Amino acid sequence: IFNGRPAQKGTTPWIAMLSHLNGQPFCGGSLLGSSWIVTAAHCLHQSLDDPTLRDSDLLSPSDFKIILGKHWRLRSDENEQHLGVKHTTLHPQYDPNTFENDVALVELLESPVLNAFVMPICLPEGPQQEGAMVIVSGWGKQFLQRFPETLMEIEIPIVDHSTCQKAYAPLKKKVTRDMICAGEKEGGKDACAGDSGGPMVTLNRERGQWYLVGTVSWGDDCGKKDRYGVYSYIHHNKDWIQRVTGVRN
């Protein structure tokens, strides 16, 4: 998280930390329903050798864990619930080369206890428009290659899909309909390494509920000018998420 402020304890009860059994964090996630964690697809598989992606390239459920109700990055409190992993399902049309449909679902081995510090995030019932303020949270890298002690967050606007697809035209990197971009044109506030799968949420001012718009995916470095952080469009593959999870708002 580039140029962010520390989130207050209990304001992001849906964020999940995908970490090794060692404890070192490597990705983020979001609690959906009662036992599902949505995250980036590239978080749940190793680098391709046979450059094609196979099921054996995936990360074994007995090789990493998910922590809920977590506030610190390396410290612990009584709210942390360490949960194993049962199943991992990446998007069927996910492309590791173009990061297309960079989204996946993690079926928890043990369901967490829903309390004021652990509760799911809602699903988007419709598309999102330009200029919508969203909150992106994570424990990833900061400026000058640093890491925080608590959860970090930024509030950035959603960039127009046309201007973002044209923003990556110099780098010959396509931006598909399953990707959504955020961040200011001057740079600065952006996600970075370790924030993948992290939540990009906003508030339904009518229902008074926060819901997930996207998950951190990729981008050109972290916080560069004339560049926007790219996130997986949750509304695009919401039916695939609902078809696999079954949970609903």
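Counting begins at 1, following the sequence as shown.
K.L.:
Between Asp49 and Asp50, how many deposited residues lack coordinates (none, 1 to 3, 4 to 9, 10 or more)?
P.N.:
Missing in between: 1 to 3 residues.
K.L.:
Per the record, averaged over C-alpha atoms, which has the higher B-factor: 154-162 or 113-121?
P.N.:
Higher mean C-alpha B-factor in the PDB entry: 154-162.
K.L.:
On mean Cα temperature factor in this entry, is 165-173 or 88-96 the higher one?
P.N.:
The deposited B-factors put 165-173 ahead on the C-alpha mean.
K.L.:
Among the candidates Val201, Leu68, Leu44, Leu53, give the one with the maximum CA B-factor reported in the record.
P.N.:
Highest C-alpha B-factor among the listed residues goes to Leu53.
K.L.:
In terms of CA temperature factor as recorded, identify the highest of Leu83, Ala132, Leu105, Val136.
P.N.:
Answer, based on the entry's C-alpha B-factors: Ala132.
K.L.:
By the record's CA B-factor, is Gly29 among the lowest, middle or highest third of residues in the chain?
P.N.:
Bottom third by C-alpha B-factor.
K.L.:
Tell me, lowest, middle or highest third: where does the Cα B factor of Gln128 rank within its chain?
P.N.:
CA B-factor rank for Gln128: highest third.
K.L.:
Among the modelled residues of its chain, does the C-alpha B-factor of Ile180 lie in the lowest, middle or highest third?
P.N.:
Middle third.
K.L.:
According to the PDB entry, is the CA B factor of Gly194 in the bottom, middle or top third of its chain, that is, lowest, middle or highest?
P.N.:
Middle third, going by the recorded CA B-factors of the chain.
K.L.:
For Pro61, return the chain-relative third of its C-alpha B-factor as stated in the PDB record: lowest, middle or highest.
P.N.:
Tercile = middle for this residue's CA B-factor.
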